Amino acid sequence: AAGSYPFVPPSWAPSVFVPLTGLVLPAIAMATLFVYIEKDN
Amino acid sequence: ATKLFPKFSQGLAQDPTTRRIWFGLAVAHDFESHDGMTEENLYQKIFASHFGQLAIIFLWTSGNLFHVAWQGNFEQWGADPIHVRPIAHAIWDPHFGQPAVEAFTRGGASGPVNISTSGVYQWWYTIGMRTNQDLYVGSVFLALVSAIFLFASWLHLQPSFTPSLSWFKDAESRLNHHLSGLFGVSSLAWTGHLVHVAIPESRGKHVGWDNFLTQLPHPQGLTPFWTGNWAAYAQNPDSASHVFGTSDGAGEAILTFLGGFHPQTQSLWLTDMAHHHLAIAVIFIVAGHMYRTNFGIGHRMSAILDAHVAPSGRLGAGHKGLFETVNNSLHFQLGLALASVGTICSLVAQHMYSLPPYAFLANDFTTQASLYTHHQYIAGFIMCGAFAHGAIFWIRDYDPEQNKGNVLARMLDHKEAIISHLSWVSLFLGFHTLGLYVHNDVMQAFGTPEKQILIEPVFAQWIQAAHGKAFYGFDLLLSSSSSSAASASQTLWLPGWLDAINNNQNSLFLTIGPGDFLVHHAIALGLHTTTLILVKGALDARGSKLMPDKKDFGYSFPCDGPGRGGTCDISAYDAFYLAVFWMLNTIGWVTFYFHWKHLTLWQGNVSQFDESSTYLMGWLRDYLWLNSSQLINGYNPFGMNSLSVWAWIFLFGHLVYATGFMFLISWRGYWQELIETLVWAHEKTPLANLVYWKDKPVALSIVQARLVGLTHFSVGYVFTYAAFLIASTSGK
Amino acid sequence: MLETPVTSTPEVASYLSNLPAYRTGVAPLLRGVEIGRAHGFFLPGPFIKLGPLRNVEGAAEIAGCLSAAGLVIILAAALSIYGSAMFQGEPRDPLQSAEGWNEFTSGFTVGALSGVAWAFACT
Amino acid sequence: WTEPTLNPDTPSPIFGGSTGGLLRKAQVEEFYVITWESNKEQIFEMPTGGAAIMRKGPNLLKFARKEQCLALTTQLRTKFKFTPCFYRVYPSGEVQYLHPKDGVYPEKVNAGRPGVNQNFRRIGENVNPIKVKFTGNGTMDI
Amino acid sequence: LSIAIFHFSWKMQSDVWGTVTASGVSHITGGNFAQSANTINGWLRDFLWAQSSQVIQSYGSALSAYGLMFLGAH
Amino acid sequence: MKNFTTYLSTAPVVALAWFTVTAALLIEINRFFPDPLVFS
Amino acid sequence: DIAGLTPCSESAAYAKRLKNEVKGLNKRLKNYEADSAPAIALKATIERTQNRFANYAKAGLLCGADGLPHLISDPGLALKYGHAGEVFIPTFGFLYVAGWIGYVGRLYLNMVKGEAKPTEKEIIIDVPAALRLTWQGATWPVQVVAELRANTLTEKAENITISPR
Amino acid sequence: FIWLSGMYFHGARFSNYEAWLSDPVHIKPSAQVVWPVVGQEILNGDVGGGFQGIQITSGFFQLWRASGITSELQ
Ligand code: CLA
Ligand code: CLA
Ligand code: CLA
Ligand code: CLA
Ligand SMILES: CC1=C(/C=C/C(C)=C\C=C\C(C)=C/C=C/C=C(C)\C=C\C=C(C)\C=C\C2=C(C)C[C@@H](O)CC2(C)C)C(C)(C)CCC1
Ligand SMILES: CC1=C(/C=C/C(C)=C\C=C\C(C)=C\C=C\C=C(C)\C=C\C=C(C)/C=C/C2=C(C)CCCC2(C)C)C(C)(C)CCC1
Ligand SMILES: CC1=C(C/C=C(\C)CCC[C@H](C)CCC[C@H](C)CCCC(C)C)C(=O)c2ccccc2C1=O
Ligand code: SF4
Ligand SMILES: [Ca+2]
């Protein structure tokens, strides 16, 4: 939302995306799948 | 009780062991086996799956453009492509220490970054991109395309938009549309980019979306094309004094046939690349108008195949009864596709090192090396899949009564001939190719280099002289100007092809010596052996004296028991499993020959390769040991530099490679009994007995461990080499 | 399976029965705050003395108990998903039941983070 | 012959115990009970690990695997030439007479046994997999 | 056993074997076992790769038999 | 001796003999005609 | 000539390779007394080297800038330019002995086939009859062709067991 | 015994044990001499002491020395 391209990520984007993708996001995926994999039929 | 994870496989769903989780991920994209699978539903599912893969490819490409634009040095590299190093992305590692943060700041940045070896920069420059906006716009565009394909996967799976099996089996039309539209109209369309954007940009003139409808690609315009005087578009070519991206030395031609490479870029000329796509586009469109559709004029494929039976009856019923075989078998088609794609994947690597198709591509040695090795390895895996799916076709979808006397059924008739003859060639190549390496090594060790046998590759040198190589002094065809071919091309690409082929600072037809003779025959041994393994498995896929009912046992089965001595690795899955190792060995030798031939070319010490390669000891000490000196010193007790990641990966590759051995050397049994003891301990342990496993812990399956060990083995061979190939080429 | 002097000594078969897990009778939440604090207070230790900022001044104990709190929370999620993937049919000891585990997990999360705070207030 | 009924009060052989016997499966899933009749008190080898003194007359031993019970069965039928019989005690108490389930040990032909899983064609007269493709049926079974 | 023989080969060359010179002794590898053996790379750069020079360059000398056997062994 | 000669005929013994003669022949050939790189 | 391969006789590097290689042995001869077996030996190695590094050139062995003799495989090139002694002529020599060994082997195999227990004449080889068939392979090419032109070298396709297709 | 006896014999005729005895430090043990053929004579390196053979690593010379053996007749 500045200069020319209005979608240039902020300098803090890496300090958020990298932590979320690799620690938080994976935990949700592993836990959600774990429940489905063990889900009874 | 029964689980839901393996929805497709109720057997796995009811499996009380943990194997259900492992197999559920494997037997996942084998719909042909899924519970309740119809041929039409299978095709519809595959068709949608294709859209999904197309969404990933475009999303993957958009990400590269985005990171190159947001975290890159494109404009800076474009200004000085022979000094600036293309930046792929930034390293936000919350674990990096301060020396790591300092050492990885390179290529002109304010933080730790990763230089790119994909060569996207050189390519995007040559095609017209000059700023970061061009990258952002492209990324958004490709991202939108990815979204469209994703909706299409949904649309084509929702009743009323799900194609019938008949549409999936409409070959004549599909081929016509793909050849004319997908291949032809996408080549003429590309000429339209080149002629309108790439060529003008290379001559310094922004022709973007803002002024393309008002900028004449050629000064005369479409007049010459309409008047038939097409030549006007091949006059005033860019002079040698031309500078890419500058009007300096810029000409006015749009389509020409100069040949060779631009002097500064050292890469094929754009105009010659424009006329290429125009010429091929015309052929593709005309070729598209061949098979029959819904109008009348046309060729029915079935008729062509059935009308081709040798009158001497040497090929039996010839190709009669083969159209249904290919049209009703999705493994036969996939095998042909993988074989075709695999082979062409190799042409891209063999034709992109010799003829750099992108500006300043040759300058970037690390890119060149990492691009050859990438395609050559990907090609090898694709080829293994070709034969693999071919064996599946023999068992899952081959009707021995319909194919009776056809060229496909008269192959198993001489299956032993094909297999045995592939054995003799492999042994001959093996016994001799190695014997003349040990013989030379012995002479090197006994200080008798003159006594070492060095056969000259005269046959290849003549093919080089035929193309115009003069060093050899054979005066053949193009080498002899007074010839017919030489005189005919003298007014076209010939003047350039020679200048370029007779320059030893590039890779067009590099001088070959007796060292290349031995390695080339070694490559042949790998090609023949790997082939023999896959061919033997394919022919014996549903038949064999040891296991005459292999088809009844399917494709992937561990063994038929210890009966008849040993049936270990008797499934046609195990011809693939074993062929993979030989494929890696073969590609290993080819990507090691490229790297050394070229590292010696780039360092200026061509005599190094022309002599050390003759004996194997030279390949280890002069190549692997000498080049590994820097990579291994990425991090030492005194400090660390930017090559630390490659040193860490190099060791990491060895670890994954060694781990793969356990799953291959050790077998299911010692582990199973060991797991039994572990189960007992946990049930008896107090405070831990409270927590328990929902799935019974079992050892990896016999076939499962084969693939798990092979994945570890392959991953290693790739990471260990990728580290070397990049950290040794970059270190210098 | 083979009654050994070790796995039978009435002293050790009694020590085990006073630990807040074999003490069936205490409400599963109160059998979770007990276990939670016990496993939570000692957690900060390894991070305070051997962690990344172990040799920085003052911020070596805040960083240990912050990291511990992190793991405590991670341990909680694993406890929760375990009950969801073990009590699909909500299988005596109410701890070994669907609701029993959901109250044990909560007692642990509120007892362990209380223990991690006790260890910082003990530095 | 009448399917023998289990007497769960049968003297069990003399054995100190082993870390190699029954686990949770015995109760949560199922277990098996082999029984025999000795002529003298003799030491035999347990199919689980170790040695045990069989008692004179009725004996009863419990396992968590049919192969384990049958193993001891063959051991007694050969080393002691006994005629052991084993059942399958389900968690509800449902005892099912597993062996010989006829009176005549499988090997010996006896009228009154129906033919199950018996294809009446040469193994090389089975169809092609393509004929059973998308049918979810094996070539051998079809 | 391989690690044991490597441990003896490196420790000794680094901390025992050497020439006693005036005021000090020159170890075959200059006493680099301590700081170079705590990592797996040091066992590859300062041991395997560094000490492998003699065998890979034994060709042409009385030791050329070991260079040949070294590869033959691989 | 009929049975000793039978033993001296077994595969392992015959192969040991044949090879020794062939090896010695090549060794002796190079001993008198050394460095045979080409047939001249 | 041929592929830029200069004759070793005109190859300077080949000459240097001689000079430097005999110097490396005339420096190992000095650290030994004139009569010691060590020295008699190093003087033989110097003579043998000086003979080989000349027998090769006299054979017209073209060598590259490396100074190491190279071989020509093409029959036309090898014959037309007198380089037949390398690879070409040697090729037939091996083929003759190779076929000789193979032909003698099949002669023995097909004699023991039929004879009583053919399997016990493969382990305990009949050295007498094996020694009566070795020379029979001298004219193997003549006999092999006579068998092709009589249909006896190969077996009928309806008498060879084949794996189920 | 045959192996042991062969070692003494090879260390009796084809060896530099007596030469090593006079100067054990600067002379390398050697007790294997290769025939002069196929240029394999390169293996006969200058172990010192008027002898060109193969440096042995079996510790037999030092064993014989501590046994008193001072000649190749013993
Ligand atoms: C003009 C009409 C037309 C066109 C353009 C297409 C186009 C396409 N069809 Mg299709 N089809 C058509 C008519 C058409 N079809 C008709 C009438 C039918 C009814 C019978 C079908 C039935 C059909 C089926 C059943 C399927 C397709 C599929 C596909 C896609 C193939 C996947 C791919 O990526 O190929 C792309 C290939 C190229 C663009 C050219 C190939 C050039 C080679 C591979 C490499 C060239 C690289 C170059 C030299 C350098 C590149 C450098 C740099 C750019 C990297 C493709 C986009 C498949 C699909 O859905 O996939 C999603 C598939 O399943 N079609
Ligand atoms: C360095 C390891 C190595 C080596 C050297 C080989 C070598 C070979 N493999 Mg192989 N392979 C390997 C690893 C290796 N493989 C691994 C890890 C796998 C995965 C399990 C495979 C899987 C595999 C398969 C599936 C196949 C092969 C095949 C072959 C042969 C191909 C034909 C040939 O070239 O004949 C050339 C012959 C030689 C190079 C031998 C040299 C001559 C000998 C050494 C001299 C004679 C003995 C000498 C006088 C003294 C030694 C004996 C003495 C002590 C008594 C070849 C000999 C193919 C095959 O079997 O051929 C039909 C084939 O089917 N390989
Ligand atoms: C094993 C495969 C093989 C291969 C790859 C070659 C390759 C070659 N051969 Mg050849 N040759 C072979 C087998 C092979 N040969 C065999 C088995 C024989 C015995 C019958 C010969 C006998 C032979 C002769 C007599 C000659 C060649 C010649 C040549 C070279 C050019 C001739 C040509 O155009 O095609 C290949 C030709 C043939 C296979 C036989 C036909 C003879 C040719 C056509 C006469 C050409 C004469 C002329 C001088 C060649 C011009 C080459 C050019 C550089 C000026 C060429 C590099 C020529 C040469 O360079 O020698 C001076 C030539 O004179 N060959
Ligand atoms: C009479 C002995 C004999 C004969 C005539 C042949 C002939 C043949 N073999 Mg064969 N082979 C033999 C023994 C023999 N073999 C033995 C003992 C073995 C076990 C090591 C093999 C293993 C073998 C393999 C793996 C292969 C062949 C192959 C072949 C064919 C390729 C031609 C070739 O280059 O030879 C090749 C020969 C070898 C690779 C090794 C054998 C070489 C020995 C030293 C020769 C036998 C001498 C024999 C002991 C003499 C007996 C004399 C008697 C008085 C006792 C060919 C027709 C190839 C094939 O099938 O082609 C389709 C192939 O793949 N052979
Ligand atoms: C001139 C020559 C060469 C030229 C080669 C060229 C251009 C073509 C070669 C074709 C070749 C080499 C072979 C084709 C063989 C095809 C067949 C059908 C022959 C099979 C031979 C068989 C079956 C005989 C087997 C034998 C029998 C029966 C008994 C004994 O003889 C033993 C044995 C096993 C040999 C080059 C490579 C340049 C190099 C220089 C020598
Ligand atoms: C982005 C990007 C990319 C991709 C691409 C793709 C894959 C696709 C695209 C595509 C496109 C983007 C295309 C374009 C288009 C446009 C157009 C096409 C227009 C035109 C106009 C006009 C005006 C014309 C008209 C006409 C025609 C059409 C026909 C004839 C007639 C006429 C001429 C009239 C890449 C990766 C390389 C990199 C960089 C980025
Ligand atoms: C080690 C070994 C085992 C035992 C290996 C086991 C039990 C694997 C244990 C893996 C645990 C679960 C951790 C694995 C970590 C993975 C990286 C996690 C993700 C793996 C996939 C989900 C991608 C076998 O069962 C076996 C069977 C047949 C031949 C060889 C072998 C064999 O070598
Ligand atoms: S060892 Fe394993 S693979 Fe081999 S026959 Fe036995 S079970 Fe099958
Ligand atoms: Ca632009």
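Quick notes on this one:
- Test: B:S267 is crowded, with 16+ Cβ neighbours inside 10 Å and within 29 Å of the chain's Cα centre (by Cα): yes
- Residue within segment D:101-111 that is surrounded by 11 or more Cβ atoms within 10 Å (Cβ to Cβ), among the charged types (D, E, K, R) and within 11 Å of the chain's Cα centre (by Cα) present: yes
- Given (1) more than 14 Å from every other protein chain (Cβ to nearest Cβ); (2) under 9 Å from the mean Cα position of the chain (by Cα), index of the condition H:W3 fails: (2)
- Here A:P14 passes the criteria (1) under 20 Å from the mean Cα position of the chain (by Cα); (2) within 14 Å of chain C (Cβ to nearest Cβ); (3) surrounded by 13 or more Cβ atoms within 10 Å (Cβ to Cβ) except the one numbered (2).
- For segment B:551-584, a residue qualifies if it is more than 13 Å from ligand 8 (Cβ to nearest atom), more than 14 Å from every other protein chain (Cβ to nearest Cβ) and under 19 Å from B:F23 (Cα atoms), and exactly one does: B:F576.
Residue-wise test of (1) surrounded by 14 or more Cβ atoms within 10 Å (Cβ to Cβ); (2) on the phi < 0 side of the Ramachandran plot; (3) more than 16 Å from ligand 3 (Cβ to nearest atom).
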| position | (1), (2), (3) |
| --- | --- |
| G:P90 | yes, yes, no |
| G:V97 | no, yes, yes |
| G:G102 | no, yes, yes |
| G:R106 | yes, yes, yes |
| G:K117 | no, yes, yes |
| G:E120 | no, yes, yes |
| G:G137 | yes, yes, yes |
| G:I160 | no, yes, yes |
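- Unique match (being of a type in the set (S, T, N, Q) and surrounded by fewer than 19 Cβ atoms within 10 Å (Cβ to Cβ)) among B:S33, B:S62: B:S33
- Pairs, first over 13 Å from B:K696 (Cβ atoms) and at the interface with another protein chain (Cβ under 9 Å from one of its Cβ atoms) in segment B:660-686, second away from ligand 4 (no atom under 16 Å from the Cβ) and part of a helix (DSSP H, G or I), C-beta under 7 Å, six or more apart: B:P686/C:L16
- Within segment E:28-46, the set of residues being assigned to a helix (DSSP H, G or I), farther than 21 Å from B:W625 by Cβ and over 11 Å from the mean Cα position of the chain (by Cα) comprises E:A34, E:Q35.
- Scope segment B:499-538; condition of a type in the set (A, V, I, L, M), closer than 23 Å to B:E456 by Cβ and not in a loop (DSSP other than H, G, I, E, B); matching residues: B:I501, B:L518, B:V519, B:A522, B:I523, B:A524, B:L525, B:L527
- For beta carbons closer than 6 Å, sequence separation of 6+ or different chains, a first residue in segment C:60-89 that is within 11 Å of chain A (Cβ to nearest Cβ) and a second that is of a type in the set (D, E) and in a helix (DSSP H, G or I), the qualifying pairs are C:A85/A:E38.
- Residues located in segment B:98-116, provided they are away from ligand 1 (no atom under 16 Å from the Cβ) and either of a type in the set (G, A, S) or in a helix (DSSP H, G or I) (or both): B:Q98, B:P99, B:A100, B:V101, B:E102, B:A103, B:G107, B:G108, B:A109, B:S110, B:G111
- Flag for B:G245 being outside any loop (DSSP other than H, G, I, E, B) and surrounded by 14 or more Cβ atoms within 10 Å (Cβ to Cβ): no
- Selection from segment G:129-156 of residues that are within 14 Å of another protein chain (Cβ to nearest Cβ) and farther than 25 Å from F:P12 by Cβ: G:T154, G:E155
- Filtered by the rule that a residue be surrounded by fewer than 17 Cβ atoms within 10 Å (Cβ to Cβ) and within 14 Å of chain H (Cβ to nearest Cβ), segment E:18-59 gives E:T19, E:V20, E:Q54.
- Flag set for B:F719, criterion: away from chain A (no Cβ under 14 Å) and closer than 30 Å to B:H83 by Cα.
- Candidates G:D126, G:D66: the one that is of a type in the set (D, E, K, R), at the interface with another protein chain (Cβ under 9 Å from one of its Cβ atoms) and under 27 Å from F:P12 (Cβ atoms) is G:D126.
- Taking the criterion of being within 16 Å of ligand 3 (Cβ to nearest atom) and surrounded by fewer than 22 Cβ atoms within 10 Å (Cβ to Cβ), the residues of segment B:517-573 that qualify are B:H520, B:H521, B:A524.
- Test: B:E401 is facing another protein chain (nearest Cβ under 10 Å), among the charged types (D, E, K, R) and not in a helix (DSSP H, G or I): yes
- When residues of segment B:109-124 are limited to those that are among the small types (G, A, S) and in contact with a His (Cβ under 9 Å, 6 or more places away or on another chain), the one nearest to ligand 2 (Cβ to nearest atom): B:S118
- Residues of segment B:459-481 satisfying the condition of being crowded, with 19+ Cβ neighbours inside 10 Å, within 9 Å of another protein chain (Cβ to nearest Cβ) and outside any helix (DSSP H, G or I): B:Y472, B:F474
- Residue within segment B:44-53 that is farther than 26 Å from B:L643 by Cα and of a type in the set (K, R) present: yes
- Taken over segment B:627-642, residues that are buried (at least 17 other Cβ atoms within 10 Å of the Cβ) and within 11 Å of chain E (Cβ to nearest Cβ) amount to 9.
A short reminder: the numbers here are calculations on the coordinates, not readings from a lab. Counting neighbours? That spans all protein chains shown, and the Cβs are built from the backbone with ideal geometry, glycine included.
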